[PDB]
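Asks: Below: the sequence, then the experimentally determined structure.
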Amino acid sequence: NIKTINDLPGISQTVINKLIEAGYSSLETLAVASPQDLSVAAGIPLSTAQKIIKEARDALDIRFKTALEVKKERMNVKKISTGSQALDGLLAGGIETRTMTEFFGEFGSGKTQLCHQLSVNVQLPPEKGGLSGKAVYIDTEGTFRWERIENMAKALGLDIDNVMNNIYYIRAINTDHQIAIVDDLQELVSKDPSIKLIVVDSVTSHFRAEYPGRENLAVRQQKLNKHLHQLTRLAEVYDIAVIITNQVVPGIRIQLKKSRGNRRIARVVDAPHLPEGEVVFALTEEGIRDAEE
Ligand SMILES: [Cl-]
């Protein structure tokens, strides 16, 4: 919009020259530096350096704002595509921030395969179905494989090294560690706003192991709900999409059936704001895609 150095009110060419000559080629250069560093580096009157510095900060939107108009600025709906039209549609557009979305099914139904894909797909620009955001992969079992990622990255013509740089990975070794990790997400995501996706494949893993009996069922429920509340609150309070998987106060629950060959049926089970349907997608070298026929 009011983007370049020229666009700011009645600035002289005489001036604009001295700015480029002083290495303040952009609005950002100005908006960071002080009028004192500017008024010597540019070689201009101090007052003038200050005028400009504010007219930049004002040209970019660096001002006071009511907390309401910051809400209205960023409360908008944000969704990440799965790679499958069909599946995005079932999801009414895709994976949504401030929502925990669960995918459960038997091994190789594509619950873990989605996670990988989405940890790439967040990094895409919005026009391409992403949020230009990072992702956190929490792994209970060692299911995570960077090579699955690398493949999905190649498949979009993306920079492989970079894609992998935008995914933080940890392995939950233990139910207790798994809670520490989610507990410490709050700091990490405040330290790094660009994180728009947390996945936890696959949550119950460690709870079933450590609390196996049907007397441990309640003993492990109280433990598992506490843990999902945490996740749910991260999503809401930090505007992040949370995905959990599962083998066989929460959110959306989608089951995943194996169908003919590479193709999978995702049916929705619990999501009262979503239509009751099921749809078919496919698992490919490239990652999640739509099916043939
Ligand atoms: Cl899977």
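Replies: That came through fine. Numbering: from 1, shown residues only.
Asks: wait, what's in contact with the nearest residue in space to residue 131 that is not next to it in sequence?
Replies: Ranked by Cβ to Cβ, 6 or more residues apart in numbering and with sequence neighbours excluded, the top spatial neighbour of residue 131 is residue 196, at 4.4 Å. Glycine gets a C-beta too; all of them are placed from N, C-alpha and C. Contact analysis of residue 196 by Cβ atoms under 8 Å, 6 or more residues apart in numbering lists 78, 80, 97, 122, 131, 133-135, 239-241.
Asks: Is it correct that residue 196 falls within a strand?
Replies: Yes. Under DSSP: H, G, I helix; E, B strand; the rest coil, residue 196 falls within a strand.
Asks: Show me the residue at the heart of the chain, geometrically.
Replies: Per Cα atoms, centre = their mean, the C-alpha nearest to the average position across the chain is that of residue 196, at 2.0 Å.
Asks: Report how many residues lie close to residue 147.
Replies: The number of residues packed near residue 147 is 8, by other Cβ atoms under 10 Å.
Asks: and it, what element?
Replies: Assigned by DSSP states H and E, residue 147 belongs to helix 146-154.
Asks: Tell me which helix or strand comes right after that helix.
Replies: helix 160-165.
Asks: What residues sit buried inside that following helix?
Replies: For helix 160-165, the neighbour count (16 or more other Cβ atoms under 10 Å) marks residue 163 as buried.
Asks: Pull up the residues of the stretch 51-200 of the chain that are close to the ion.
Replies: 108, 110-113 (Cβ under 5 Å from the ion).
Asks: one more time with 8 Å, if that's ok
Replies: 105, 107-114, 143 (Cβ under 8 Å from the ion).
Asks: I'd like those as CSV, with distance to residue 287 and secondary structure appended.
Replies: What follows is those, written out as CSV (distance: Cβ to Cβ, whole Å; DSSP: H, G, I helix; E, B strand; the rest coil):
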residue, distance to residue 287, secondary structure
105, 17, strand
107, 18, coil
108, 14, coil
109, 15, coil
110, 10, coil
111, 14, helix
112, 12, helix
113, 7, helix
114, 9, helix
143, 15, coil
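Asks: Can you give the distance of the longest helix belonging to the chain from its chain's centre?
Replies: Longest helix in the chain, counting residues (DSSP state H): helix 216-238. Averaging C-alpha positions (Cα atoms, centre = their mean, to the nearest Å) puts helix 216-238 20 Å from its chain's average.
Asks: Cheers, nothing more for now.
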